[PDB]
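As structure tokens, the structure follows; a few thoughts come after it.
There are 2 protein chains.
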Amino acid sequence: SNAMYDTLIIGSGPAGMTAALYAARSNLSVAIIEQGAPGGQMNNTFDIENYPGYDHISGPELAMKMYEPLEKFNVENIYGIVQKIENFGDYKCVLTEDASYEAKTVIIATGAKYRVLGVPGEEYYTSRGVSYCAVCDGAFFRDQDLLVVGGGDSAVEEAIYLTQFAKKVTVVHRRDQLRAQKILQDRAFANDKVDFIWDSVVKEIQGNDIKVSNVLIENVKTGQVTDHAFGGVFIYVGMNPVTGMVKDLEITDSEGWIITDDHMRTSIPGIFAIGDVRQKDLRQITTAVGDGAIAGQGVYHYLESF
Amino acid sequence: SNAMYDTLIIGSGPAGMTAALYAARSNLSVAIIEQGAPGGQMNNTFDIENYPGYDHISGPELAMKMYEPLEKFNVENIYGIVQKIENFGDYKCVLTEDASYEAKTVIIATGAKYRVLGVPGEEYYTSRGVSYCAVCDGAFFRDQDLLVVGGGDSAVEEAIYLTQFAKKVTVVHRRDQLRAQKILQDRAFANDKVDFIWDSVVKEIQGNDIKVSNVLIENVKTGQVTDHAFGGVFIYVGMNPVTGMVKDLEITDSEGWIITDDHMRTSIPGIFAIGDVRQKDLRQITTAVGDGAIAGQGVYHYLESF
Ligand SMILES: Cc1cc2nc3c(=O)[nH]c(=O)nc-3n(C[C@H](O)[C@H](O)[C@H](O)COP(=O)(O)OP(=O)(O)OC[C@H]3O[C@@H](n4cnc5c(N)ncnc54)[C@H](O)[C@@H]3O)c2cc1C
Ligand SMILES: Cc1cc2nc3c(=O)[nH]c(=O)nc-3n(C[C@H](O)[C@H](O)[C@H](O)COP(=O)(O)OP(=O)(O)OC[C@H]3O[C@@H](n4cnc5c(N)ncnc54)[C@H](O)[C@@H]3O)c2cc1C
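Protein chains in written order, with the authors' numbering: chain A, -2 to 303; chain A', -2 to 303. A prime marks a further copy of an entry chain.
Shown next as structure tokens:
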């Protein structure tokens, strides 16, 4: 089994860990290849209040509470940064920067990464006033003032979604026009709680080491900086799926997200994808948990029908 | 909102409760109509070890740990047994045996019910040696003897899945032939750890008030009873989706499971179905949690595009 696993799972987020739980619980050889801390994007989240069974919990302690039940089920944890996964039909290879492992099934759970703005203080106050997920932390900033960065569909729709909690939502954008659909533009201009600052760029995010308190906004045309008071900032600039190690396999779309079906299975038989690395709409721990369960239990079926 | 909810959720299992969590967290009027105890089929499960974030936990305490965070989010809990849900386009009605409520969206989370055998002691030792779910409690009965009831695809495949933990698996069936596919029949006859008892019916399940210890098996041809020692019994006879209150809507299949797509939405716009009441393959708390999250967050989108 060391020479050839029943399942190797690339990634240790909620998805990968759930697939490992189900697959190993079914008495299969399971190993997770993880670059760094078990938890993924979770280790960057202050508080989480939309995972059922937990009123409130932080990223790291929930990651550990998901990881520790794996040792009981013989999940072998392997450090590594996967560079390539190649298919051989009856078996597949997964290559490290210094090792390489064989498995009958590969489950891809590498997730994605929120693109960033490049602003001093955004790293600092991330998940403390800075957020890239309105569905995620929007309910924490009730009756406060929020700043939304962007001018596409994502920024506008996430802004009017944020109107469900905040007293006011202002969006910044480095231009005088929106590139979003005219329907959502009209919907935004119609909502009272949203106003916008045109031809401007976020210069720097400032707070009191605890929360975000204010942001310095620079105007691209004039060049002068003015400070504004905001309880929160939400930025959406796009996201990067971690799919560099499956470019050879033609399982991704144009933007690089892996294509699967109801059963988490890929156009390549034996390889599955779960979680946020997937083509999907709602990217949450609850969705990654559903997904991971489906792949972990599907591994047994694929192996049995052999 | 009392006269017309943003969302009414029929059912209080993991699915319904997760949809209520997400929908209410998005600042929407949410009420759950539940017949009885919050938890659904969970309140019948001894131990659960495949829900991420919890090493081991019982049905009731996990149900409560999922329910209590709802009061914080203004989820209104309404007792009732839904008899009919009718559609009016912009709005829908949900009828009790004595009341009736209007909502802009209905989420159907009524789940299903495991059909039973009608045997004395099966009720008693349910989830204590009696189980209707091999994926669920199969990993508890490692290196023991297990009895599988049935002769279709479900019984055979669940039996050879049970070979991954048990030392031996014997299946009972009231006939001399199997009605399963010949491929799975051959696969079963090929496995060493499975043997079968033909032309027999389970007469009664017996134990020590804690575990299942033995079962009395009657032969349909002779009529004589013989006792056999089994650590576990797993029965699959089919399942009944709770879809009596949506017969009018043509959203079910021939067997009565609700048809949805990726987004949990039904052929009827505004009505969603989640959890085990759905047409799906893997029915777990993790799948119901994914599903419920998707519907709860989709309610906001459907309402906004109005
Ligand atoms: C600021 C912020 C706030 C959030 N708020 C919430 C919230 O309120 N609620 C909520 O439910 N979720 C929240 N999330 C999490 C969100 O749901 C994520 O999308 C989710 O954690 C993704 O899970 P996943 O397992 O699919 O992917 P991830 O957890 O992102 O998986 C990434 C993992 O893959 C590994 N990996 C990647 N490439 C390689 C490689 N080549 N080799 C080896 N390992 C590799 C990484 O090391 C990491 O462990 C938040 C995230 C962030 C960043
Ligand atoms: C013996 C047993 C063992 C199990 N073991 C496991 C396990 O190991 N792991 C695991 O993850 N899960 C386990 N389960 C649970 C399984 O995953 C279930 O399929 C799951 O709980 C279904 O969730 P759901 O919300 O989709 O449906 P359910 O939880 O079944 O939803 C049923 C709910 O709908 C309500 N309802 C139905 N009709 C009406 C109506 N007309 N009006 C009002 N309310 C109505 C009921 O009152 C109930 O609250 C087990 C279940 C059983 C019975």
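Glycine residues also receive a C-beta, built at the ideal position from the N, C-alpha and C atoms.
- Message: If the criterion is Cβ atoms closer than 8 Å, does the pair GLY56 of chain A and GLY126 of chain A meet it?
- Response: In the first sequence, the residue the question calls residue 56 of chain A occupies position 59. In the first sequence, the residue the question calls residue 126 of chain A occupies position 129. Cβ distance not < 8 Å, so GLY56 of chain A and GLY126 of chain A don't count as in contact.
- Task: Determine contact between the segment 196 to 209 of chain A and the segment 112 to 127 of chain A, defined as no fewer than three beta-carbon pairs at a distance below 8 Å.
- Result: yes
- Measure the alpha-carbon distance for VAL199 of chain A versus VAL217 of chain A and round it to whole angstroms. In the first sequence, the residue the question calls residue 199 of chain A occupies position 202. In the first sequence, the residue the question calls residue 217 of chain A occupies position 220. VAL199 of chain A and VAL217 of chain A: Cα-Cα distance of roughly 10 Å.
- Should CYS90 of chain A' be counted as a contact of ligand 2 given a C-beta to heavy atom distance under 7 Å? Counting from one through the second sequence, the residue named residue 90 of chain A' turns up at place 93. Checking the Cβ of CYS90 of chain A' against ligand 2 gives no.
- Query: When the Cα atoms are used, what is the spatial distance from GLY293 of chain A' to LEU5 of chain A'?
  - Reply: The residue you call residue 293 of chain A' lines up with position 296 of the second sequence. The residue you call residue 5 of chain A' lines up with position 8 of the second sequence. Computed Cα separation, rounded: 11 Å.
- Can you check whether the CB of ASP196 of chain A is closer than 8 Å to the CB of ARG172 of chain A? On the first sequence, position 175 is the one that residue 172 of chain A refers to. On the first sequence, position 199 is the one that residue 196 of chain A refers to. For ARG172 of chain A and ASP196 of chain A, yes; Cβs fall inside 8 Å.
- Task: Please look up how many angstroms separate the CB atoms of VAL116 of chain A' and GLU201 of chain A', rounded, as I've assumed it's under 8 Å.
- Result: Translated into positions along the second sequence, residue 116 of chain A' becomes position 119. Translated into positions along the second sequence, residue 201 of chain A' becomes position 204. Rounded, the Cβ-Cβ distance is 6 Å, consistent with contact.
- Using the Cα positions of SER302 of chain A' and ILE180 of chain A, report the straight-line distance between them to the nearest angstrom. Taking the second sequence and counting its residues from 1, one reaches residue 302 of chain A' at position 305. Taking the first sequence and counting its residues from 1, one reaches residue 180 of chain A at position 183. Distance between the alpha carbons of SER302 of chain A' and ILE180 of chain A: 10 Å.
- Message: If you measure between the beta carbons of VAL79 of chain A and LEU67 of chain A, is that distance less than 8 Å?
- Response: Along the first sequence, one-based indexing puts residue 79 of chain A at 82. Along the first sequence, one-based indexing puts residue 67 of chain A at 70. Against a cut-off of 8 Å, the Cβ pair of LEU67 of chain A and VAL79 of chain A comes out as no contact.
- Taking a cut of 9 Å between CB atoms, which residues from the segment 149 to 177 of chain A' lie near chain A? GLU154, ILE157, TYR158, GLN161 and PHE162
- Task: Determine, using beta carbons only, whether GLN294 of chain A' comes closer than 8 Å to chain A.
- Result: Your numbering for residue 294 of chain A' matches position 297 in the second sequence. Answer yes: the Cβ-Cβ gap between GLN294 of chain A' and chain A drops below 8 Å somewhere.
- Query: Any heavy atom of ligand 2 within a distance shorter than 7 Å of the CB on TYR111 of chain A'?
  - Reply: Taking the first residue of the second sequence as 1, we reach residue 111 of chain A' at position 114. It does: the Cβ of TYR111 of chain A' is within 7 Å (strictly closer) of some heavy atom of ligand 2.
- Query: Cα-Cα, which of A:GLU65, A:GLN174, A:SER97 and A:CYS90 is closest to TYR76 of chain A?
  - Reply: By 1-based counting over the first sequence, the position of residue 76 of chain A is 79. Ranking A:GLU65, A:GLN174, A:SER97 and A:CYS90 by Cα distance to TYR76 of chain A puts A:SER97 first.
- Task: With a 10 Å radius around its C-beta and 16 neighbouring C-beta atoms as the bar for buried, classify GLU155 of chain A as buried or exposed.
- Result: Here residue 155 of chain A refers to the residue found at position 158 of the first sequence. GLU155 of chain A is buried by the Cβ-count criterion.
- Residue burial classification, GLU120 of chain A' (beta-carbon count within 10 angstroms, cutoff 16): On the second sequence, residue 120 of chain A' is found 123 positions in, with the first residue counted as 1. Classification of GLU120 of chain A': exposed, given that the 10 Å Cβ count is below 16.
- In the structure shown, what three-state DSSP assignment does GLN182 of chain A' receive? By one-based count along the second sequence, residue 182 of chain A' stands at place 185. In this structure, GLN182 of chain A' counts as helix in the three-state DSSP scheme.
- Task: Indicate whether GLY10 of chain A' and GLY50 of chain A' have their beta-carbon atoms separated by less than 8 Å.
- Result: Position 13 of the second sequence, counted from the first residue, corresponds to residue 10 of chain A'. Position 53 of the second sequence, counted from the first residue, corresponds to residue 50 of chain A'. No; because the gap between Cβ atoms is not below 8 Å, this pair is not in contact.
- Query: Who are the near neighbours of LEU25 of chain A' in its chain, counting only those whose CB is closer than 8 Å to its CB and skipping five residues on each side?
  - Reply: To locate residue 25 of chain A', count along the second sequence from 1; it is residue 28. Answer for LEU25 of chain A': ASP3, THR4, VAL296, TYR297 and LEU300, listed in chain order.
- Could you please give me the residues that DSSP links to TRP195 of chain A' through a beta bridge? Translated into positions along the second sequence, residue 195 of chain A' becomes position 198. A':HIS170.
- Query: Quick one: what does DSSP say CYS90 of chain A' is sitting in, helix, strand or coil?
  - Reply: Looking up residue 90 of chain A' in the second sequence gives position 93. In the structure shown, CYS90 of chain A' sits in a strand (DSSP, three-state: E or B).
- Query: Grouping DSSP H, G and I as helix and E and B as strand, with all else coil, what is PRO238 of chain A?
  - Reply: The residue labelled residue 238 of chain A in the question sits at position 241 within the first sequence. The answer is strand: DSSP assigns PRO238 of chain A an E or B state.
- Message: My output table needs one value for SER251 of chain A: the three-state DSSP class, helix, strand or coil.
- Response: If you number the first sequence from 1, residue 251 of chain A lands on position 254. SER251 of chain A falls in the coil class under three-state DSSP.
- Compute the beta-carbon to beta-carbon distance between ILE157 of chain A' and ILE271 of chain A', rounded to the nearest angstrom, for a pair I have assumed lies under 8 Å. By one-based count along the second sequence, residue 157 of chain A' stands at place 160. By one-based count along the second sequence, residue 271 of chain A' stands at place 274. About 31 Å separates the two Cβ atoms, so there is no contact after all.
- Nonlocal neighbours in the same chain, by C-beta distance under 7 Å from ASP250 of chain A', ignoring five residues either side: Locating residue 250 of chain A' in the second sequence gives position 253, counting from the first residue. Once the five neighbours on either side are set aside, the close Cβ partners of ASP250 of chain A' are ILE256 and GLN276.
- Item | When A':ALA163, A':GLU46 and A':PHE85 are compared against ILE268 of chain A', the one with the closest alpha-carbon | Counted from its first residue, the second sequence places residue 268 of chain A' at position 271. Comparing Cα-Cα distances from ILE268 of chain A' to each of A':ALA163, A':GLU46 and A':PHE85, the minimum goes to A':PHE85.
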